[PDB]
Each structure stands twice: as C-alpha cells, then as structure tokens.
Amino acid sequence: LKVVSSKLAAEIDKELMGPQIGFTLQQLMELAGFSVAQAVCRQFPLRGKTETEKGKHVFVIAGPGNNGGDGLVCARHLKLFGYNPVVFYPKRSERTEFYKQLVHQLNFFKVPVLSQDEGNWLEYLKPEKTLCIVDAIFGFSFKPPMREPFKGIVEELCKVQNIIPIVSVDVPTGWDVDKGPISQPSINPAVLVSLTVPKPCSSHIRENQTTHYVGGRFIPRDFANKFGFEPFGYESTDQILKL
C-alpha cells in the first residue's frame, strides 16, 4: 500500500513529458484510458450476461481537463471491447487540440457524446439503463471548492452510487487527493483505478466496498524508486494490476 503525494504526482507527470524522458501526452493518455477500460471489462465481464443485460450502457462523465481526456480514450476502447458507452462531456476547453481530436475519434466509433443540456444526461442515472458509471471528472490536480455544474453532478451521482457502481479514474472526484473524503455527500466508488501510482486518498477506500486497480504501465524501476515507490507487478501484458 505505497502511495505518492499530489505534489510528487505533479512532478512525475512534469518529468515524464519533459525533454529528457520524451513521453507525449497522446501516448500517456491513450495508455491511461486503455487501463481504465480494461478494469471495467475485467470488473464487469460480458460473458454469460443476456442480450437484454448487455443492452445497458457504460455512462462516462468527462471533466474539462486531463482526467476527462482519459475518459474519452476509455470510452473508445469500451466500444471496441463490446460495451455500449455513452459520454457526458459538459465543459470542453476549446483550446486543447487533443481533446477535440479524442471527441472526433468517438464520433468515428459512433459513441454518443452528450452536452451540458441537449443530452438529458440524468436518464442515464437509472439502474435499468446503465451498467456502471465512469467518474472521469477531476484528477489528482483537483483543488476545492468544486464549482458548478460539477458540484451538482457529483450530488446526483452520490444519490445513486449505492445502486449503480461508479468506477473512478485516478482518484474519486471530490475527495481530497491527499487527505481523503472531506466534503459531503462524498463519492463511494465500486472501483478505483489509480493511474501511474495511487495517491494518498486511495488509502481511504474500503476493500469490502471498493476494488482497487492501478494502471499506466510506463514506469521504469529507477524512476519509481526515485519517487519513493516500486514499479507495479503488472501480470502478463495487462495494463492494470489488482491493488
């Protein structure tokens, strides 16, 4: 149960995409989004389920930053994996080119992308229509207080989180990245998919209530050790590891 502070997490990302290492946001985001999709597929296998059961959708809520981007990637892989993903993308930064491209990729795969209005997103918070919800609102760079419409979105999610499973990307939206859940109501994810390395707030989950996965398989030993942790033992060619 090793974790990295939000401060070091920012330093890691900065170094990974720095001139020395040379990683591009496109690569990391693609790999990260892939991880999340793989966790969803592993947690909610389609084998066995009836056609009616398979008709349910995977409701992906994308935030305006990096976390949301990871969600846009996740949605495309889920479509390829055989699921029926639906994306709710309320606030889009019209200055980040890659996010726009990720949306075009979703259109290419015929994955619905709802707006903050026209999409009546609330219809997807009903048990008979949604298999699980992917929480890709805010990542480790989150800093309270939370503003609308994300505040209200989290409220709506908390009302049905005990009936519909929520899969949180990197960290549970609304939680203090280092201190843990503070504000109430608070997200209680059925699954948490930490990216690169889990943050301090991850030690606040309950194993009986939340399954924990770590994703983002692109960290060498010496680099990890430099930041206080050991690279995770991903099995086979998996892009996720349980715990």
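Residue indices: 1-based, along the sequence shown.
*Asks:* Where do the C-alpha atoms have the higher mean temperature factor in this entry, in 70 to 78 or in 106 to 114?
*Replies:* The recorded data point to 106 to 114.
*Asks:* Which has higher Cα B-factors on average according to the PDB entry: 231 to 239 or 17 to 25?
*Replies:* Higher mean C-alpha B-factor: 17 to 25.
*Asks:* Tell me which of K49, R217, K199, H212 tops the list for C-alpha B factor in the record.
*Replies:* Highest CA B-factor of the listed options: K49.
*Asks:* From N188, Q43, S183, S194, which pick has the Cα B-factor that tops the rest in the entry?
*Replies:* Most elevated C-alpha B-factor of the set, per the entry: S183.
*Asks:* What third of its chain's C-alpha B-factors does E30 belong to: lowest, middle or highest?
*Replies:* Lowest third - that is where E30 ends up once the chain's C-alpha B-factors are sorted.
*Asks:* Just say lowest, middle or highest third for the CA B-factor of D135 relative to the other modelled residues in its chain.
*Replies:* Its C-alpha B-factor, which the entry lists for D135, ranks in the lowest third among residues of this chain.
*Asks:* Considering every modelled residue of the chain and its Cα B-factor in the PDB entry, is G65 in the lowest, middle or highest third?
*Replies:* Answer is middle: the recorded C-alpha B-factor places it there.
*Asks:* Can you tell me which third, lowest, middle or highest, the CA B-factor of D170 falls into for its chain?
*Replies:* Lowest third - that is where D170 ends up once the chain's C-alpha B-factors are sorted.
*Asks:* Select lowest, middle or highest to describe the third in which the CA B-factor of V177 falls within its chain in this entry.
*Replies:* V177: CA B-factor falls in the middle third of its chain.
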